[PDB]
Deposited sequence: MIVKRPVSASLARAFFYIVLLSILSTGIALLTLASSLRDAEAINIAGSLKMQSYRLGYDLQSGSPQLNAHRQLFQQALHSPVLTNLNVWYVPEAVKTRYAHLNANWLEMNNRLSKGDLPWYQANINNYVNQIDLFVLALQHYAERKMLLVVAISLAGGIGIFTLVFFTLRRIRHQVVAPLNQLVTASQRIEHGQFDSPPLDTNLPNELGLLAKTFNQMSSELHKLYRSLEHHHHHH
C-alpha cells in the first residue's frame, strides 16, 4: 500500500485548493459587504452635515440659544470615527482629500459664524453643501469600484476552480480509468493470449501494474514450461 502519490491524497489536495478558492471568493465578497455598511454610514453622516449646515444659518438668523451647541455638534459629526477611519492607505485619495477639504472649509464657515456674518454665510452655504455632495460622490465611486473589483476577483477564482476541476478529472481519466481498462483486457487475455502495463504511474495503479506483470510473467513460464 506504499505508493508515492496515492489517489486519495491527490483528490484531497484538489478539493483543498478548490474549497480554498471558494472561501476566498465568498470571503472577500462578504468583507466587502461589511465595508459597504460603513460606507453607507459615512454617507449618512455626510447628509447629517448638510442638514446641520442650513440649521446653523437659521440659528444665527433667529438668534437661537442653540447656535453654539449646534456648532459643536457639527464639529463632532465632522470628526465621527466613521469618517476619520477613511484616512487609511487602502481608501483612495479622492475620498481622503475631499474629507480634508471639508474640514478646511468648515474652519472658514465657523469663523464667519463667530463674526455674525450672516450675509456671507447665507451666500456661501450652497457651496459648502455642494462640497459635501462631491465627497459623497467620491464615496459612491469608491463603493462601485470595490464591487467591480470583487466581480473581477470572483471571475478569476472561477477560472482557477474550473481549471482545477478540468485537470483533476483529466488526471483521473489518464492515471486511473485508462490503466483499469488495460488491466481488464490484460486479465480477459490471460483467461483466454499472454500488451504490458504502465508501472510508472506513481499511484495505486502503478503498483497493481507491477504485481500483475510479475504474476502474468510467471504464468507464461508455468503454462509453457509444463505445456
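Q: Can you give me the gaps, meaning deposited-sequence stretches with no C-alpha coordinates, in sequence order?
A: Missing from the model are residues 193, 196-197, 231-236.
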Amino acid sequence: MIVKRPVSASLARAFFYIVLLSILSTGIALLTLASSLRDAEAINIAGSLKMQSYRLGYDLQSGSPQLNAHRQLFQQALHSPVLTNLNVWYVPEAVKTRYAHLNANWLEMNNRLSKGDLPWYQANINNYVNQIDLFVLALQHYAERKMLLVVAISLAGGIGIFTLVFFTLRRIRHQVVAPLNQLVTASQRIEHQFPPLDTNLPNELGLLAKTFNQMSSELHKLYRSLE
From here on, numbers count along this sequence of modelled residues.
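Q: Is the mean CA B factor in the deposited entry higher across 20-28 or across 211-219?
A: It is 211-219 that shows the higher mean C-alpha B-factor.
Q: Please compare 128-136 with 113-121 and say which has the higher mean C-alpha temperature factor in the record.
A: Comparing 128-136 with 113-121, the higher average CA B-factor belongs to 113-121.
Q: In terms of CA temperature factor as recorded, identify the highest of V176, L183, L33, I161.
A: Of the options given, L183 has the highest CA B-factor in the PDB entry.
Q: If you rank every modelled residue in this chain by C-alpha B factor, which third holds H79: lowest, middle or highest?
A: Within its chain, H79 is a highest-third residue by C-alpha B-factor, going by the deposited values.
Q: Can you tell me whether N87 has a C-alpha B-factor in the lowest, middle or highest third compared with the other modelled residues of the same chain?
A: Its C-alpha B-factor, which the entry lists for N87, ranks in the highest third among residues of this chain.
Q: Tell me, lowest, middle or highest third: where does the Cα B factor of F167 rank within its chain?
A: Tercile = middle for this residue's CA B-factor.
Q: Where does the C-alpha B-factor of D198 rank in its chain, lowest, middle or highest third?
A: Ranked within chain, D198 CA B lands in the highest tercile.
Q: Test of reading the entry: by CA B factor among the chain's modelled residues, which third contains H192?
A: Within its chain, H192 is a highest-third residue by C-alpha B-factor, going by the deposited values.
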